Amino acid sequence: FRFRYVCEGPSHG
Amino acid sequence: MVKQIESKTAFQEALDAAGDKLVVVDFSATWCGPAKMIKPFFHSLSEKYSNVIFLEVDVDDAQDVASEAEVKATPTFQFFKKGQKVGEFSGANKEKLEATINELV
């Protein structure tokens, strides 16, 4: 698979 | 034109073949929605700014590039020129790519 850290795209604010 | 970097070897080569035009890198994640959610912009500028070079990196399958760049948050926009770094900024801000590109253009 391919997982690492958080994606702060349109997810942050 | 865009350029996919699957290994740190292609990273340096991308800057070398990038000539001297500006170079913005998109450290996103193909499996992460929030990251790829900004592709309709960064990748789209490929047609609105054919004078700028755009790169792409898989922080999960290319941990070698993210490792050397110590990326801890995606998407992370990094700007390079002639192989040298000039600035960078993360956070979903597609409109910023325009202001930043027009800045070091």
# chains A, B, ... in the order shown; residues from 1 in each chain; ligands from 1
>>> closest_atom_pairs(of="chain B", to="chain A", cutoff="8 Å", atoms="only C-alpha atoms", output="CSV")
residue,atom,partner,partner_atom,distance
B:28,CA,A:7,CA,7.8
B:29,CA,A:7,CA,7.8
B:31,CA,A:2,CA,7.0
B:32,CA,A:7,CA,6.8
B:34,CA,A:9,CA,4.8
B:35,CA,A:9,CA,5.2
B:37,CA,A:9,CA,7.6
B:38,CA,A:9,CA,7.5
B:59,CA,A:4,CA,7.2
B:60,CA,A:2,CA,4.8
B:61,CA,A:2,CA,6.1
B:72,CA,A:5,CA,6.5
B:73,CA,A:7,CA,6.1
B:74,CA,A:7,CA,4.6
B:75,CA,A:9,CA,5.9
B:91,CA,A:9,CA,5.6
B:92,CA,A:9,CA,4.3
>>> atom_distance(atom1="CA of residue 54 in chain B", atom2="CA of residue 18 in chain B")
9.1 Å
>>> residues_around(residues="range 93-104 of chain B", least_positions_apart="3", cutoff="12 Å", atoms="only C-alpha atoms", output="JSON, numbers by chain")
{"A": [8, 9, 10, 11, 12, 13], "B": [20, 21, 22, 23, 24, 25, 26, 34, 35, 36, 37, 38, 39, 40, 41, 42, 43, 44, 45, 46, 48, 49, 51, 52, 53, 54, 74, 75, 76, 77, 78, 79, 80, 81, 85, 86, 87, 88, 89, 90]}
>>> select_by_dssp(residues="chain B", states="strand (DSSP E or B)", output="JSON, numbers by chain")
{"B": [2, 3, 4, 5, 23, 24, 25, 26, 27, 28, 53, 54, 55, 56, 57, 58, 74, 76, 77, 78, 79, 80, 81, 84, 85, 86, 87, 88, 89, 90]}
>>> write_last_selection(atoms="C-alpha atoms", output="PDB file, in the first residue's frame")
ATOM      1  CA  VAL B   2       4.650  17.914 -16.020  1.00  0.00           C
ATOM      2  CA  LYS B   3       7.214  15.385 -14.714  1.00  0.00           C
ATOM      3  CA  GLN B   4       6.644  12.413 -12.375  1.00  0.00           C
ATOM      4  CA  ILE B   5       9.503  11.584  -9.961  1.00  0.00           C
ATOM      5  CA  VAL B  23      10.088  24.673 -10.946  1.00  0.00           C
ATOM      6  CA  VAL B  24       7.232  23.907  -8.494  1.00  0.00           C
ATOM      7  CA  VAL B  25       6.985  20.407  -6.958  1.00  0.00           C
ATOM      8  CA  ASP B  26       3.701  18.905  -5.712  1.00  0.00           C
ATOM      9  CA  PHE B  27       4.396  16.484  -2.836  1.00  0.00           C
ATOM     10  CA  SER B  28       0.896  14.946  -2.727  1.00  0.00           C
ATOM     11  CA  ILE B  53       8.019  23.309 -15.034  1.00  0.00           C
ATOM     12  CA  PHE B  54       5.746  21.262 -12.703  1.00  0.00           C
ATOM     13  CA  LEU B  55       6.977  18.079 -10.934  1.00  0.00           C
ATOM     14  CA  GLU B  56       5.095  15.423  -8.905  1.00  0.00           C
ATOM     15  CA  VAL B  57       6.183  13.145  -6.009  1.00  0.00           C
ATOM     16  CA  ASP B  58       4.550  10.156  -4.242  1.00  0.00           C
ATOM     17  CA  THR B  74       0.892  17.065   2.220  1.00  0.00           C
ATOM     18  CA  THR B  76       3.799  20.458   0.243  1.00  0.00           C
ATOM     19  CA  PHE B  77       4.691  22.901  -2.551  1.00  0.00           C
ATOM     20  CA  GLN B  78       8.441  23.346  -2.975  1.00  0.00           C
ATOM     21  CA  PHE B  79      10.077  25.726  -5.472  1.00  0.00           C
ATOM     22  CA  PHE B  80      13.438  24.959  -7.127  1.00  0.00           C
ATOM     23  CA  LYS B  81      15.456  26.768  -9.802  1.00  0.00           C
ATOM     24  CA  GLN B  84      18.612  25.512  -6.004  1.00  0.00           C
ATOM     25  CA  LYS B  85      15.701  26.035  -3.571  1.00  0.00           C
ATOM     26  CA  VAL B  86      14.080  29.509  -3.331  1.00  0.00           C
ATOM     27  CA  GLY B  87      10.890  29.006  -1.257  1.00  0.00           C
ATOM     28  CA  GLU B  88       8.116  26.557  -0.268  1.00  0.00           C
ATOM     29  CA  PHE B  89       4.648  26.359   1.331  1.00  0.00           C
ATOM     30  CA  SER B  90       2.138  23.595   2.237  1.00  0.00           C
TER      31      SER B  90
END
>>> atom_distance(atom1="CA of residue 64 in chain B", atom2="CA of residue 105 in chain B")
28.1 Å
>>> select_by_dssp(residues="chain B", states="alpha helix (DSSP H)", output="JSON, numbers by chain")
{"B": [8, 9, 10, 11, 12, 13, 14, 15, 16, 17, 33, 34, 35, 36, 39, 40, 41, 42, 45, 46, 47, 48, 63, 64, 65, 66, 67, 68, 69, 94, 95, 96, 97, 98, 99, 100, 101, 102, 103, 104]}
>>> atom_distance(atom1="CA of residue 82 in chain B", atom2="CA of residue 17 in chain B")
9.1 Å
>>> decode(residues="chain A", atoms="N, CA, C and O atoms", output="PDB file, in the first residue's frame")
ATOM      1  N   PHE A   1       0.859  -1.217   0.000  1.00  0.00           N
ATOM      2  CA  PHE A   1       0.000   0.000   0.000  1.00  0.00           C
ATOM      3  C   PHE A   1       0.881   1.249   0.000  1.00  0.00           C
ATOM      4  O   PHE A   1       2.084   1.170  -0.150  1.00  0.00           O
ATOM      5  N   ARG A   2       0.289   2.404   0.178  1.00  0.00           N
ATOM      6  CA  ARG A   2       1.090   3.667   0.202  1.00  0.00           C
ATOM      7  C   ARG A   2       0.484   4.634   1.240  1.00  0.00           C
ATOM      8  O   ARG A   2      -0.310   5.492   0.917  1.00  0.00           O
ATOM      9  N   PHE A   3       0.873   4.506   2.484  1.00  0.00           N
ATOM     10  CA  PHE A   3       0.353   5.419   3.558  1.00  0.00           C
ATOM     11  C   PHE A   3       1.536   6.055   4.298  1.00  0.00           C
ATOM     12  O   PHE A   3       2.556   5.430   4.509  1.00  0.00           O
ATOM     13  N   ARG A   4       1.404   7.301   4.686  1.00  0.00           N
ATOM     14  CA  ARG A   4       2.517   7.997   5.406  1.00  0.00           C
ATOM     15  C   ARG A   4       1.932   8.907   6.501  1.00  0.00           C
ATOM     16  O   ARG A   4       1.507   8.432   7.534  1.00  0.00           O
ATOM     17  N   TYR A   5       1.917  10.209   6.290  1.00  0.00           N
ATOM     18  CA  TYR A   5       1.369  11.143   7.333  1.00  0.00           C
ATOM     19  C   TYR A   5       0.037  11.756   6.869  1.00  0.00           C
ATOM     20  O   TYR A   5      -0.569  11.313   5.913  1.00  0.00           O
ATOM     21  N   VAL A   6      -0.441  12.739   7.590  1.00  0.00           N
ATOM     22  CA  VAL A   6      -1.762  13.366   7.268  1.00  0.00           C
ATOM     23  C   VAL A   6      -1.710  14.215   5.994  1.00  0.00           C
ATOM     24  O   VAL A   6      -0.719  14.847   5.686  1.00  0.00           O
ATOM     25  N   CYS A   7      -2.816  14.274   5.289  1.00  0.00           N
ATOM     26  CA  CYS A   7      -2.904  15.127   4.066  1.00  0.00           C
ATOM     27  C   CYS A   7      -3.643  16.412   4.439  1.00  0.00           C
ATOM     28  O   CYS A   7      -4.856  16.448   4.484  1.00  0.00           O
ATOM     29  N   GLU A   8      -2.925  17.460   4.735  1.00  0.00           N
ATOM     30  CA  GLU A   8      -3.599  18.729   5.137  1.00  0.00           C
ATOM     31  C   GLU A   8      -4.030  19.517   3.895  1.00  0.00           C
ATOM     32  O   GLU A   8      -3.887  20.726   3.821  1.00  0.00           O
ATOM     33  N   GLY A   9      -4.603  18.849   2.938  1.00  0.00           N
ATOM     34  CA  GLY A   9      -5.093  19.567   1.736  1.00  0.00           C
ATOM     35  C   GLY A   9      -6.329  20.373   2.173  1.00  0.00           C
ATOM     36  O   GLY A   9      -6.266  21.042   3.187  1.00  0.00           O
ATOM     37  N   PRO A  10      -7.431  20.288   1.454  1.00  0.00           N
ATOM     38  CA  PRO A  10      -8.650  21.011   1.862  1.00  0.00           C
ATOM     39  C   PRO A  10      -9.185  20.401   3.168  1.00  0.00           C
ATOM     40  O   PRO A  10     -10.362  20.469   3.462  1.00  0.00           O
ATOM     41  N   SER A  11      -8.319  19.799   3.946  1.00  0.00           N
ATOM     42  CA  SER A  11      -8.744  19.168   5.233  1.00  0.00           C
ATOM     43  C   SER A  11      -8.396  20.097   6.400  1.00  0.00           C
ATOM     44  O   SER A  11      -9.093  20.149   7.393  1.00  0.00           O
ATOM     45  N   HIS A  12      -7.318  20.826   6.291  1.00  0.00           N
ATOM     46  CA  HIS A  12      -6.922  21.746   7.397  1.00  0.00           C
ATOM     47  C   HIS A  12      -8.049  22.749   7.660  1.00  0.00           C
ATOM     48  O   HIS A  12      -8.975  22.477   8.397  1.00  0.00           O
ATOM     49  N   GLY A  13      -7.975  23.909   7.065  1.00  0.00           N
ATOM     50  CA  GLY A  13      -9.040  24.928   7.285  1.00  0.00           C
ATOM     51  C   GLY A  13      -8.837  26.099   6.323  1.00  0.00           C
ATOM     52  O   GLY A  13      -7.782  26.163   5.714  1.00  0.00           O
TER      53      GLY A  13
END
